[PDB]
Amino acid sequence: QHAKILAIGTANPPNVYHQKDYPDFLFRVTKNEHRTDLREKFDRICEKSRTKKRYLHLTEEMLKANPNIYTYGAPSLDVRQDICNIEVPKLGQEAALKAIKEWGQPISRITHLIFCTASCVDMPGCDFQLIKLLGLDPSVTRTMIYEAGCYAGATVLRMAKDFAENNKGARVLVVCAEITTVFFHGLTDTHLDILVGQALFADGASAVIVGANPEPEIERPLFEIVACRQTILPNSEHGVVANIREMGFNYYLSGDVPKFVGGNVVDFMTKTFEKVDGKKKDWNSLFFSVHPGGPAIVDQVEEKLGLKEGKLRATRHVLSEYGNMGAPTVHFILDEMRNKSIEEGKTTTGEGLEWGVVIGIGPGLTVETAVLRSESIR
């Protein structure tokens, strides 16, 4: 009786930023049009990004009202927090209402709430704010995951699994929401990492309902969460770093991140599937939701696992249409996979396959995997 995903909902801010237009926007609104060297580099990064558009809360009017946000290193955490501590729970609410609708049960039936964000921090937290917005029972059992980073879309499934399986009848609402206003920085030739985040990072929220023992013909499972594993990739502490500072949430990204992922993927996949089956796996027999931290990460997974053409289509589709939204992204990918599987008349939510995996990748470097089974479409 494993925990099952019973619903997935998603949301994004309303403002669409097409990648073709973003270099012009960024350099204009941050008053850096004279930095033609930085512009050419940013153009090359955007060309390689495999991201066509992103949704962002941030607007030009907000930058005009708060120019410290684009003035590299200026004190600006307070204004960023004033925005994100409100907008993160609100975007989470939208996704949650969609998940709850799909699930089809009353909000009063939710017993547990997991809220995850790397975009803000406050006491009481986003979980408390979401309880107020949704009218959740005031005695819901909460887990508030602040500042974990991009592996957490897998981690929250692992946590939901344990809560759902160890508490008879529990129904866990899981909400991941990101608003990257807190991570927006201006341009300096001394901190080129910012060009990569400026090209890739995006806003979005996901919500998932998890429960064990779904009610036959009443709840409709989408995926089963079978087993999970979290690990730290050796010698990679510098891979992804983010610090909570007076200037906002500052970050550093090593160019070696993709190679670290590629150098460990066989191992972490093997060790994960050992928790289920003693037989060796054929990686092409699986469906995949891979956190698309950037396009090179996706390429490394494909290469080192020997994946066939098109195996990572759902992952690449989400990166293209939404960018890297952090923890929610792998949930967008599972939703996309389910929806494409319906479109194509596949027999299961996992592209017609039985077994699959979610791969979250973030600071440490830390990788969390969740082994899934699909469910029948009919």
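Throughout, we count residues from 1 along the sequence that is shown.
For the pair 239 to 247 and 95 to 103, the mean Cα B-factor is higher in 239 to 247. Stretches compared: 47 to 55, 23 to 31. Higher mean C-alpha B-factor in the entry: 23 to 31. Residues shown: 233, 131, 218, 305. Highest C-alpha temperature factor in the entry: 218.
Of the candidates 80, 142, 291, 275, the PDB record gives 275 the highest C-alpha temperature factor. Per the PDB record, residue ranking by Cα B-factor puts residue 66 in the highest third of the chain. Annotation for residue 169: C-alpha temperature factor in the highest third relative to the rest of the modelled chain, per the entry.
Ranked by C-alpha B-factor against the other modelled residues of its chain, residue 335 falls in the lowest third.
Compared with the other modelled residues of the chain, the Cα B-factor recorded for residue 324 ranks in the lowest third.
Sorting the modelled residues of the chain by their CA temperature factor places residue 254 in the highest third.
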